[PDB]
Amino acid sequence: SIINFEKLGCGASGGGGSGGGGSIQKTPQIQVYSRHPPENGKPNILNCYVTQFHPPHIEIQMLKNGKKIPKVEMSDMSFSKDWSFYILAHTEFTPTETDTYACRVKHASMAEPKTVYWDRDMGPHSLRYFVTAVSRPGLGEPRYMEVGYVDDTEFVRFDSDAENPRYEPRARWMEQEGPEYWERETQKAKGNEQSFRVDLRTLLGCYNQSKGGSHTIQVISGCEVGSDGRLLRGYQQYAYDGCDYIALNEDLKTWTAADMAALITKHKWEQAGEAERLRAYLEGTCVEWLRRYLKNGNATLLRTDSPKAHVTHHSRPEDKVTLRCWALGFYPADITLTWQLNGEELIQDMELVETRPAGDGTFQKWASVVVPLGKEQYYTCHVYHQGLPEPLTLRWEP
């Protein structure tokens with residue numbers, strides 16, 4: 001159960017650089033890839049994973065031979081611990097030898113849309129809430145969202161963009177909570193929404209920003225608990241336009257303000273005993289609810305799916321070849337892939353892709369090395385994942 005938020009009540013920012021006020025934007029990183037190994041003539045799903053961007057507004061289109069693909073589904077948007085947003089667009093498709101696919105992204109951080117072509121050569125637990133408030137001049141009321149996570153698995157979500165917005169289960173094991181829970185969480189969310197609506201207004205004044213621009217407030221709030229059930233760490237951190245604003249220190253008693261506007265918030269909260277209020281929530285309410293949720297989803301929350309790995313072989317100019325080690329169908333996302341040349345791990349030549357969602361609950365990742373033609377048997381790929389009885393070791397098999 002998320003905490004009830006207290007307004008920030010900012011002061012003049014005196015902006016002369018980085019503050020959370022008028023954010024310097026983050027450029028989207030894009031990966032375009034299929035969910036399953038591509039086989040000409042076989043139905044598949046093409047994914048366009050977009051990450052690391054800010055502001056949250058973004059336009060994504062998928063293209064086939066240069067023409068917009070009509071039905072492209074979009075996952076709900078989320079953001080990461082570094083405040084940046086991410087989303088997954090995907091479409092059903094049947095690849096052929098000559099059809100070209102691409103993903104085009106328009107975002108305020110770039111002068112023009114970026115088009116990326118699909119190339120297919122071959123113990124401890126936590127309860128965290130990620131909150132987003134985004135003003136939208138000319139597009140309606142501010143959008144407000146509360147997204148809850150138990151150990152990185154989304155389990156609840158409230159999104160104001162509806163006629164009767166309500167807290168909703170995002171994990172099937174939450175269906176164990178009765179009507180009272182949903183009703184209470186929903187009303188609390190609607191109350192929190194009001195506090196953020198007010199803060200968006202006052203921050204504009206503090207940062208001397210135009211009433212015509214869109215701005216974002218983000219919060220990460222929650223607790224991390226050990227296997228013995230004791231609180232390991234408590235979190236209450238805010239960001240304005242993607243930049244740190246104010247955060248509760250690990251002592252759960254003091255605040256760290258990031259700019260002059262936040263200094264005023266700190267003083268107000270100091271005088272009002274806000275840290276004391278958060279400490280109580282973090283050490284009690286937060287931990288108690290986390291225990292309840294962990295009970296509710298128990299096995300689901302400790303599940304693993306081991307990676308299925310294989311190495312593919314690709315030509316290069318002259319006497320070189322690329323060996324690519326693939327890890328597919330694994331869960332959770334944490335994984336390590338390495339390449340070794342007779343006992344040593346390679347850094348120099350290795351290329352990697354950020355771990356990405358297959359779109360079915362599992363993840364994918366690959367790591368490659370460029371090696372001399374004829375020396376493929378001198379290299380071995382190593383795959384490390386918590387679901388494996390032991391690390392996988394593999395080599396190119398012609």
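Residues take their numbers from the sequence shown, with the count starting at 1. Values reported hereafter were calculated over all heavy atoms of this structure, with side chains retained and with hydrogens, waters and symmetry mates removed.
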Open item on the list: If only side-chain N and O atoms count, and only distance matters, is there a donor-acceptor pair under 3.5 Å linking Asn44 with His36?
Closed with: no
Task: Side-chain touch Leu352/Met350, heavy atoms, less than 4.5 angstrom - done: yes
- [ ] Verify the neighbour count for atom CD of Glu354: are there more than 12 heavy atoms of other residues, nucleotides or ligands below 6.0 Å?
- [x] no
TODO: State, without any angle test, whether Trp173 and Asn298 hold a side-chain donor-acceptor pair at a distance under 3.5 Å.
DONE: no
- [ ] Taking the side chain as every heavy atom from C-beta outward, state whether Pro357 and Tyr49 have any pair of such atoms under 4.5 Å apart.
- [x] yes
TODO: Anything under 30° is parallel, anything over 60° is perpendicular, the rest tilted; go ahead and classify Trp289 against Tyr181.
DONE: tilted
Task: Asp241 and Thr216: side chain donor to acceptor below 3.5 Å - done: no
Task: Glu250 and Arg233 ion-paired at < 4.0 Å - done: yes
Open item on the list: Regarding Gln52 and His54, do their side chains bring together a donor and an acceptor under 3.5 Å, going by distance alone?
Closed with: no
Open item on the list: Less than 4.0 angstrom from a charged side-chain N to a carboxylate O is my criterion; do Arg166 and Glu185 meet it?
Closed with: no
Task: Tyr331-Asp360 side chain donor-acceptor pair, cut-off 3.5 Å - done: no
Task: No-hydrogen, no-angle side-chain donor-acceptor test under 3.5 Å, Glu376 and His313 - done: yes
Task: Distance-only side-chain donor-acceptor flag, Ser221 / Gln236, under 3.5 Å - done: yes
Task: Pair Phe53 + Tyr86: ring centers closer than 6.0 Å - done: no
Task: Other residues, nucleotides, ligands: >12 heavy atoms within 6.0 Å of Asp349 CG - done: yes
Open item on the list: Distance to the ring centre below 6.0 angstrom and angle to the axis at most 45 degrees; does that hold for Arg356 and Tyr33?
Closed with: yes
- [ ] Using a 4.5 Å cut-off on heavy atoms from C-beta on, say whether the side chain of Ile246 contacts that of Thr256.
- [x] no
TODO: For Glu146 and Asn192, test the side chains for any donor-to-acceptor distance below 3.5 angstrom and give the result as yes or no.
DONE: yes
- [ ] Please determine if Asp161 and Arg136 form a salt bridge, counting it only when a charged side-chain N lies under 4.0 Å from a carboxylate O.
- [x] yes
Open item on the list: What I want to check is whether the side chains of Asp251 and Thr254 have a donor and an acceptor closer together than 3.5 Å.
Closed with: yes
- [ ] Could you tell me whether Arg184 and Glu180 make a salt bridge, using a distance below 4.0 angstrom between a side-chain N and a carboxylate O?
- [x] no
Open item on the list: A quick test of your reading: do over 12 heavy atoms of other residues, nucleotides or ligands sit less than 6.0 Å from CG of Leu394?
Closed with: yes
- [ ] Enter the distance from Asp334:CG to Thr304:OG1 here, rounded to the nearest 0.5 Å.
- [x] 12.5 Å
Task: Side-chain donor-acceptor pair present, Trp339, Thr380, cut-off under 3.5 Å - done: no
- [ ] Report yes or no: do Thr362 and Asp305 form a side-chain donor-acceptor pair below 3.5 Å?
- [x] no
Open item on the list: What I want to find out is whether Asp151 reaches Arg128 closely enough, with some N-O distance under 4.0 Å, to be called a salt bridge.
Closed with: no
Task: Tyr144 reachable from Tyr129 in the ILVMFWY side-chain graph, under 4.5 Å edges - done: yes
Open item on the list: I'd like to know if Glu351 pairs up with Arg324 as an ion pair, taking the criterion as any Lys NZ or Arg NE/NH1/NH2 lying under 4.0 Å from an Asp or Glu carboxylate oxygen.
Closed with: no
Open item on the list: Could you check whether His314 and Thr312, counting side-chain N and O atoms only, form a donor-acceptor pair closer than 3.5 Å?
Closed with: yes
Open item on the list: Would you call the rings of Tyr293 and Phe155 parallel, tilted or perpendicular, taking 30° and 60° as the class edges?
Closed with: tilted
Task: Plane angle bin for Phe79 and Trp83 - parallel if under 30°, tilted between 30 and 60°, otherwise perpendicular - done: tilted
- [ ] Go through the side-chain N and O atoms of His90 and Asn47 and say whether any donor and acceptor fall under 3.5 Å apart.
- [x] no
TODO: Indicate whether any N or O donor in one side chain lies under 3.5 Å from an N or O acceptor in the other, for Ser84 and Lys26.
DONE: no
TODO: Taking atom CE of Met260 as the centre, report whether more than 12 heavy atoms of other residues, nucleotides or ligands fall under 6.0 Å from it.
DONE: no
- [ ] State whether the number of non-hydrogen atoms from other residues, nucleotides or ligands found under 6.0 Å of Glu92 atom CD is greater than 12.
- [x] no
TODO: Inspect the surroundings of CD in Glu276 and state if more than 12 heavy atoms from other residues, nucleotides or ligands are less than 6.0 Å away.
DONE: no
Open item on the list: When you group the ILVMFWY residues by side-chain heavy-atom contacts below 4.5 Å and let the links chain together, are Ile264 and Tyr238 in the same group?
Closed with: no
Task: Ion pair check, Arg170 and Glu154, cut-off under 4.0 Å - done: yes
Open item on the list: Membership question, hydrophobic clusters at under 4.5 Å side-chain separation (ILVMFWY): are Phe85 and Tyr245 in the same one?
Closed with: no
Open item on the list: If hydrophobic clusters are built from ILVMFWY residues whose side chains come within less than 4.5 Å, do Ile69 and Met74 share one?
Closed with: yes
Open item on the list: Grouping I, L, V, M, F, W and Y whenever their side-chain heavy atoms are under 4.5 Å apart, do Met145 and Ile217 come out in a common cluster?
Closed with: no
Task: Any side-chain heavy-atom pair of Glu344 and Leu341 under 4.5 Å - done: no
TODO: Answer yes or no: does atom NZ of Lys188 have more than 12 heavy-atom neighbours from other residues, nucleotides or ligands under 6.0 Å?
DONE: yes
Task: Basic-acidic side-chain contact under 4.0 Å: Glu175, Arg172 - done: no
Task: Distance-only polar pair, side chains of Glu283 and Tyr281, donor-acceptor under 3.5 Å - done: no
Open item on the list: Is it true that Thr132 and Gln218 share a donor-acceptor pair across their side chains at a distance under 3.5 Å?
Closed with: no
Task: Residue pair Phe158 / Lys190, side-chain heavy-atom distance below 4.5 Å - done: yes
- [ ] Measure the shortest side-chain to side-chain distance between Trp255 and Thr265 over non-hydrogen atoms and say whether it is less than 4.5 angstrom.
- [x] no
